[PDB]
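[1] Partial complex follows, first chain(s) only, in situ:
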Amino acid sequence: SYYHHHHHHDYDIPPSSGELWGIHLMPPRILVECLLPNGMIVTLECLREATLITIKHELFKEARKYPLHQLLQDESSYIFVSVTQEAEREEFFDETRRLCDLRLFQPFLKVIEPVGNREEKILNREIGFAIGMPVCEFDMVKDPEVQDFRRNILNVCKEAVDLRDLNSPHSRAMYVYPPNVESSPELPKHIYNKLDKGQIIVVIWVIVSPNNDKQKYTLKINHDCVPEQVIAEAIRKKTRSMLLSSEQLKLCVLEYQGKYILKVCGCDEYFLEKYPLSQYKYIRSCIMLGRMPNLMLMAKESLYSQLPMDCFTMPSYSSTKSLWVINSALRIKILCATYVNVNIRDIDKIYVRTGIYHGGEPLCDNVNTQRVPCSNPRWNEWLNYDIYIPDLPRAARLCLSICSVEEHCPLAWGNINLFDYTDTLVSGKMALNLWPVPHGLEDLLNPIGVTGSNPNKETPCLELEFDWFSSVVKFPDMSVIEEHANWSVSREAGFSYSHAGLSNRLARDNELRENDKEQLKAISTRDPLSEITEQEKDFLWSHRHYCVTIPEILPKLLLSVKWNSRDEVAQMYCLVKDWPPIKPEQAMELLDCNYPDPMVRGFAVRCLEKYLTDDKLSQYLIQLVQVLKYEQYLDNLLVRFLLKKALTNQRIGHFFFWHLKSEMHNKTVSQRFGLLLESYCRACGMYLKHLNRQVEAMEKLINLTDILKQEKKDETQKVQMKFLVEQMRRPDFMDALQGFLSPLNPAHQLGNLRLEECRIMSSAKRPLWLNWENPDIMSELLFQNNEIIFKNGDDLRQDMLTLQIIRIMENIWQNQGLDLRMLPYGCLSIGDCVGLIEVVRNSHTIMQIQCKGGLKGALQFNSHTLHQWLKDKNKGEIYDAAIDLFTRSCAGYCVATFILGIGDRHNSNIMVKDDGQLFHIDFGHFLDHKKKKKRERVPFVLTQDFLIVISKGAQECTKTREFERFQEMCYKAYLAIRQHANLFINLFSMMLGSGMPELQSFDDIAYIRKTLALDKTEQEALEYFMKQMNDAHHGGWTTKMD
């Protein structure tokens, strides 16, 4: 009756390692084989947590009691060495290190006299720990490019380190502690109005004798006055006296004035150059949060006291035929895919598909015939490509893929640069090991995949052969391409008076039409995804010379060039040579996959070098590290840019380290990023040692959560938590998890752990809630305790991006004068699904609000409870502002959410703060990843709960002015973002690199088009949004302010 008695007969109810190989956490007591110089083994029993100093010191006592003692030197003549889990022979110089922390593979220690006269140099260990792969792993890479990268990139490192010791010690201090400054000194109109006519009360602190006692000095100075001005005013007030005349004050100010700089009380930030106070980020937060800034007068020679020297040393490792001469078309010999995993049952026949590419194809795509199908597959064809060898553009690439049979289906793919990094057309035999097809890719060929072979051996190795021209064929010089252009253009001037397909060339001459000059700028403003027709392409390409008037057209123009015509391409290289520079936000487009050319990308880097500020760089750093993947060659201008900014400003450096290090698991970038990270680590200065303490911290937490998630599952939180605390007590953890800098923001130091507050959260993933003491001198003035969540299970980098996107949305809105406080809490991926999330204290899930306001007998939860709970928290004039905040926050998060189309959101992932700000967490899938199963969804659906709060407290909340205000915010926000839709496209476009399933190819990003309504006009877009907002709510939004 239930199941028509149908029986399902089939149905039946029945990670990297840590401290030693195959075991997460070495036993508290353990036996280690000590291999001595005299050939004797002595097995020492000794504790997990014991140093090598202790182990050595004991070993040479216990050795005496074994034969051949007199054949051992003093213990001090020796250094331990063993095989590690990365499988190299590591020498153990830092004998303070603990037996558990050595990453030992087998528990044994060989005794030796130290090999290298340069012990200094064998602290490459520090580098490959930071990197998470030993440096020696690079020295035995055969590949010239790699070696060449390594030697050539030191050019950049040297130049960086030069910029640093320029005005030592100030510039060193300037490196380490770069000023944290908002973009523009101009203040928004709503921030100003919080100042009673341009002035902030500030509080400067001082420390006297014995250095324990502290002293307030509450100034009221102009917002735009600078650190040096502020430092004077403090020292004035500090040292006025009845014993000092007026003129005698000035003279004691002037000696004192610049022996000090301004710290921020409670965190390692400083105000170290000529900047409006307002412009430092700390100040402008205080203004918005209604807070009185607390700075500290810090004595330069106590600050410069703490800064080291960088200590940079150079590493140990310190006739041709022009392409266009080649009179032939391209042909490539396929040979034999040696390995394949196919059922001869299920699959009929298999072939190799092929194509040449520049992001898009420059010839008809082709295959070889359906041969030796499945069983032992081989074809010995010459594929013949209809493009002449001189019309290959610099950046050209073969893209191939073995396939199955309209039963068309990919098996294994791989791409090859037709030119090597030395400009040399590829000729001879190649071994190309292939990549598996990703999730979302059903397509046959995959050209936005990685250029290069898989390093993995046991993979479909499709080998092949490239036509040979008796000589190393090279790509022509610029001198040569410049002349070909000049001749191609002097050639154009005298053509047959009429030319058909008039698309080719002008026919208007030095007088182009005015109706046309209007069609061009209307193209120029259309977003990067609004695909451009063949008419428009040709039309753009013809007027290319007028296009220099509208520089921002460039992205479109470049996608109109026929890259398979060296005539066109050569000409386009001369436009680009001295094309007018463009805005960094617009030039970023040109470093995505759609622009693989080295001159184009070179241009974009020149834009950034000029216009892109260390502020804006570090906002978009995630997109610039991602976009490195689409650079053909290791060594390039973009890499040289970033690496130099990294070594110039330690706040960039920090994230640049972690973003690279984050993705080291991913073999599509391990080589590239590892190599770059080597450079950074070799030249970044003492921060390496700081970074290594963060790196060692995270590994310990990684191992801790690894054991919780396996074997310690199916135990009560009780049992786990007792294990957690037990473990965190052991010395190795105390050592490792206390004296360091938050990766979330290294300006915050993390002191001792308070284990009282350290706990496992309730989630299945066993995320850790960690709490640290703020060991700042003025800790109390900022926060005495600092807590962040470590999460072993989830891929944080989707969230990382939306939090970025929000942050940017906030800035757009506010810096256009319209206050919509968002809360883009800190997030950071540091590994394969490993990360850190900034805790926001005094915030609760709406669910919590409702369980804490739910009445005795179960019944149902009350809509007002949120409001009543909020009222309880904000009483008086304080109430009224808290609603405006909830409203301003609820508006921004409504629009951001809807545009991004994030996961549906409900009581257990919306959060309200005591002070009344709403903010979202756990975004999950962003560009509507779950639609795969024209939904144009509203993820933030405002129930009564929210509406009640929005209109100060009422029944039928749809009909209050308060709500009409709220909507009007939602519309003015919606549109302001719409006007910067180019950026948002481009931010998502640059992230196609990373293997996020939610960013697979450009139509993924196309959601943001429909939702922003870019094809329509803005008045329609407004209405589209109201239409969208009305049917999710069922009322309110079509009316117009009655």
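    Done, it's in. Numbering: from 1, shown residues only, chains lettered A, B, ... in the order given.
[2] residues in contact with stretch A:529-545?
    Under the criterion Cβ atoms under 8 Å, 6 or more residues apart in numbering, residues A:501, A:503-506, A:512, A:516, A:519-520, A:523, A:547, A:553, A:556-557, A:559-562, A:568, A:571-572, A:575, A:985, A:1002, A:1005-1006, A:1009, A:1014-1015 lie in contact with stretch A:529-545. Bear in mind the C-beta positions are built from the backbone N, C-alpha and C, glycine included.
[3] Buried members of those into ChimeraX, please.
    For anyone working in ChimeraX, the buried entries among these, judged by 16 or more other Cβ atoms under 10 Å, can be selected with:
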select /A:505,506,512,520,523,547,553,556,557,559,560,561,562,568,571,572,575,985,1002,1005,1009,1014
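[4] Show me the contacts of stretch A:529-545 that map onto strands.
    Residues of the contacts of stretch A:529-545 located in strands (DSSP state E): none.
[5] Would you list the phi and psi of the nearest residue to residue A:803 once chain neighbours are set aside?
    Closest residue in space to residue A:803, ignoring its immediate chain neighbours: residue A:824 at 4.6 Å, by Cβ to Cβ, 6 or more residues apart in numbering. Phi and psi for residue A:824, reported as degrees, to the nearest 10, are phi -80, psi 80.
[6] I figured residue A:824 was touching residue A:811, is that so?
    No. Contact between residue A:824 and residue A:811 fails when scored by Cβ atoms under 8 Å: they sit 10.0 Å apart.
[7] how much space between residue A:458 and residue A:340?
    Remark: distance between residue A:458 and residue A:340 (Cβ to Cβ, to the nearest Å) = 12 Å.
[8] Which residues are in contact with each of these two?
    Common neighbours of residue A:458 and residue A:340 (Cβ under 8 Å, 6+ apart) do not exist.
[9] which one of those two has more residues nearby?
    Legend: neighbour count by other Cβ atoms under 10 Å for residue A:458 and residue A:340, higher for residue A:340 (19 against 8).
[10] ok, now how distant is the more buried one from residue A:352?
    Taking Cβ to Cβ, one finds residue A:340 at 11 Å from residue A:352.
[11] Tell me if I'm right that residue A:754 and residue A:774 touch.
    No. Contact between residue A:754 and residue A:774 fails when scored by Cβ under 8 Å: they sit 10.8 Å apart.
[12] Chain B should join the structure above:
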Amino acid sequence: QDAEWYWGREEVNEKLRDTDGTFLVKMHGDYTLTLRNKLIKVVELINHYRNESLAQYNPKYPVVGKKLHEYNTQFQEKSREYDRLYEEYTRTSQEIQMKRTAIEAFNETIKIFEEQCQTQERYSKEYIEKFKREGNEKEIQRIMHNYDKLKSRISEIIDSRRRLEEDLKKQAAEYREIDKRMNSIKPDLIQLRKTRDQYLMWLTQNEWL
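    Time to bring in chain B:
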């Protein structure tokens, strides 16, 4: 109006996704021809160009409600199966490589012990021949005891490695077996997926989905 290929961007590219030669058709333009993806800025003009090429104009294939729920639950079942097996694939890829590194480590470890039993031979049998009579059976046993550890230990390590190597092959077998099935699922994933969109196309001429 019906006009087959004529519909009248996002869903243009999605209908164009996986099909070479296939096509379909205010103050900006009117009707655009998206020939696979080449956009070209009514029934008169396309009947000419289905017969003839587009080179002479510009130098360089005119393609129930409960069944939607039934074929959607197959597709969504198959996608998990595909998603499951792609982890099993990627995990095994890792686990395998972790073994290979371990095997290198093992080998490298063994070297140090082979080197050690050798190293001891040198200094032990230099100290047998010097003296001989002094501490004769006493010394030489307690040196031979230590040696008989060193070698029988090496023995375990070489067994420890072998055991790993044999596991690597079974792992590699299973690794092959996963890709194999993936490659047989993959074609039939697409046909399920493709028919689901033709079924859902005819209707438009959530609770199921």
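[13] With chain B now part of the structure, what is the answer for the contacts of stretch A:529-545?
    Contact partners of stretch A:529-545, identified using Cβ atoms under 8 Å, 6 or more residues apart in numbering or on different chains, comprise A:501, A:503-506, A:512, A:516, A:519-520, A:523, A:547, A:553, A:556-557, A:559-562, A:568, A:571-572, A:575, A:985, A:1002, A:1005-1006, A:1009, A:1014-1015, B:9, B:29, B:32, B:37-41, B:58.
[14] Stretch A:563-578 too?
    Here stretch A:563-578 has contacts from A:324, A:358, A:360, A:362-363, A:387, A:390-393, A:396, A:478, A:481-482, A:484-486, A:488-489, A:541, A:544-545, A:547-548, A:554, A:557-558, A:561-562, A:599-600, A:603, B:60, using Cβ under 8 Å, 6+ apart.
[15] Of those, select the buried ones using a ChimeraX command.
    Selection of the buried residues among the contacts of stretch A:563-578 in ChimeraX, burial being defined by 16 or more other Cβ atoms under 10 Å in any protein chain shown:
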select /A:324,358,362,363,387,390,391,392,393,396,481,484,485,488,541,544,547,554,557,558,561,562,599,600,603
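[16] Looking at the contacts of stretch A:563-578, which are in strands?
    Judged by DSSP E, strands contain the following of those: residue A:387.
[17] where along chain B do the helices fall?
    Using DSSP state H, the helices of chain B run over residues B:10-16, B:43-51, B:65-129, B:136-203.
[18] How about the contacts made by residue A:673?
    A:628, A:660-661, A:663-664.
[19] Look up the closest residue to the residue of chain B found nearest chain A, ignoring the ones flanking it.
    Using Cβ to the nearest Cβ, residue B:120 is the residue of chain B that sits closest to chain A, at 2.4 Å. Leaving aside its sequence neighbours, residue B:120 sits nearest to residue A:39 (Cβ to Cβ, 6 or more residues apart in numbering or on different chains; 2.4 Å).
[20] The closest residue to residue A:740 other than its chain neighbours in helix, strand or coil?
    Counting by Cβ to Cβ, 6+ apart, residue A:693 is the residue found nearest to residue A:740 once chain neighbours are left out, at 4.5 Å. Under DSSP: H, G, I helix; E, B strand; the rest coil, residue A:693 falls in the helix class.
[21] what about residue A:693, neighbour count?
    18 (other Cβ atoms under 10 Å in any protein chain shown).
[22] Write out the residues of the stretch 901-1042 of chain A neighbouring chain B.
    Counting by Cβ under 8 Å from any Cβ of the partner chain, the stretch 901-1042 of chain A comes close to chain B at A:933-934, A:1003, A:1006, A:1009-1010, A:1015.
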